[PDB]
Every structure is written in structure tokens, then in C-alpha cells.
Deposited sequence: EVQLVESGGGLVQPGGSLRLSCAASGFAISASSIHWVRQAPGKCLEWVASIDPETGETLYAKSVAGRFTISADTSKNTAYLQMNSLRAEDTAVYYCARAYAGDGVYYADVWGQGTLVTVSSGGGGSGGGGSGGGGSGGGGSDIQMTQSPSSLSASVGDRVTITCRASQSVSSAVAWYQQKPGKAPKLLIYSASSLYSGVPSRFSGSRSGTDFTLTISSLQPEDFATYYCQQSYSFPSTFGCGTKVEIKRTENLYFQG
């Protein structure tokens, strides 16, 4: 489990430190990524730390203002956020990142914490943005990468107010704990998530991610509705 804290309501120019406390495993036993999601918006990748080299990567929108770190003795990772600006407002998630054939995917996520402050990137285009369906339907969701991302695509399921859950990585590999009714395929730059037979618990938003090229980028989701 990851439990986050450290956000809240602040003014532009302020500074917060977010915390991401690990329970039942060491904060050092993986890469740690931060991902944020603005109110009714698309997921954006923020920062990462590699525990073998110590090296950090940051989204261009936060470079030089945010610092990601790990503290092994407290078993807690942090995101120091300086010179805050309005557009920083979001739910912030921490997550452990899992390496699958050279590519990083987020397999364990924190619950999220609210922070309110008051281009040449690969686009992943998700359609439809919403889809109404009945229990028992075969459901197909598409995501087009704006350029080649090889097979470095993941699909996530998100239920309202909860952390995304990894379903598929490397385009078509099912993660453990995911029912076999979910599957994923690739046809060039087009990625599809299929649910053979929709179950009551499957009504959710589904997002694609690419982690082929820096920075990792998400689609804006498909909400599967009653």
C-alpha cells in the first residue's frame, strides 16, 4: 500500500511537500513516479526516480520547480513543489513503477491527494470519450498514438475518486489480478482494449498510456457508462 498526504489549498508562489508512505514493502524496491490529474481532466505524468542510479526525470511543465526524492530510512517518498502556479491544481498520485521489457508501467498506486492553488509530445487519442453500454456487452475502446510507440502501451481502469489500476502492459500482456475478459491488441499505432462481456463492476473510465518516449503520456479516457 501507498498512503499519500501533504497537499491542500495554497496561493500561487507557495510551496508544498507531498508525501508517499510505503507499507509492507521498501520504497527502494522500485522506481517511484508521480502522476497528476486536474479536475475532470486527462492524466499527466510528473516525475520519476530510479533507485539504482538516483536519477530523476520531470515533466517540462514542472522542471526546476518540483524535486522528487526517496528516503529509505523513513520508507516515504516526497514531491517538493515550489513556486506553485494555478495550473498545478490536481489530484496527485504516487505509484511504484514496474519494468516490463525495458519499459516502465505503474502497477501500485496511492489513493491520491488534492492540491489546490488559487506539443512535441506523443499524443494518445482516445475515442470515444464516453460509451454507454449494458451488462453483457462486448466493449471495444481505441487509442491512436500520434507516432510509433512500438508496443510500450498500458491500459488502466479508473473508478471515480479511486487510483487507476494497471490492466494490460506491453500492449497485450495481462497484469496479475486482471480477469481474462480484458484483452489488448496493437495494429501499428492503434491500440484497442476489449472487454468480451461487460460486468457490473466494469463500468469505469479506461485510459491508455505510452512509455516508449519521454515524457510518458496518457489518453484522456473512455468512460463506460450504464
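Novice: Counting from 1 along the deposited sequence, give me every gap where there's no C-alpha, start to finish.
Specialist: Going by the record, the segments left unmodelled (no C-alpha atoms) fall at 1-2, 121-139, 248-257.
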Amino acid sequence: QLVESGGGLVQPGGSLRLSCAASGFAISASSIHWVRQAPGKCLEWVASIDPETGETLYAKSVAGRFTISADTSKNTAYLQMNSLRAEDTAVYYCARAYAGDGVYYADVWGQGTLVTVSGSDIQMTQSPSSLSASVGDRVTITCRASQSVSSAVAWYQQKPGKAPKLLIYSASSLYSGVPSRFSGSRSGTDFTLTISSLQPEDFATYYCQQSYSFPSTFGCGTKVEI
From here on, numbers count along this sequence of modelled residues.
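Novice: Using only C-alpha atoms and the B-factors in the entry, which stretch averages higher, 131-139 or 107-115?
Specialist: The stretch with the larger mean CA B-factor is 131-139.
Novice: Between 38-46 and 179-187, which has the higher average C-alpha B-factor in the PDB entry?
Specialist: Stretch with the higher mean C-alpha B-factor: 38-46.
Novice: Compare the CA B factors listed in the entry for 150, 146, 126, 89 and report the winner.
Specialist: That would be 126, according to the entry.
Novice: Among 56, 173, 157, 28, where is the Cα B factor highest in this entry?
Specialist: Max CA B-factor in the entry, restricted to 56, 173, 157, 28: 28.
Novice: Using only modelled residues of the chain, where does the Cα B factor of residue 211 rank: lowest third, middle third or highest third?
Specialist: Answer is middle: the recorded C-alpha B-factor places it there.
Novice: Considering every modelled residue of the chain and its Cα B-factor in the PDB entry, is residue 64 in the lowest, middle or highest third?
Specialist: CA B-factor rank for residue 64: middle third.
Novice: Should residue 205 be placed in the lowest, middle or highest third of its chain by the C-alpha B factor in the entry?
Specialist: Middle third of the chain for residue 205's C-alpha B-factor.
Novice: Using the B-factors in the PDB entry, rank residue 224's C-alpha atom against the chain and give the third, lowest, middle or highest.
Specialist: Within its chain, residue 224 is a highest-third residue by C-alpha B-factor, going by the deposited values.
Novice: How does residue 167 rank on Cα B-factor within its chain, lowest, middle or highest third?
Specialist: Ranked within chain, residue 167 CA B lands in the lowest tercile.
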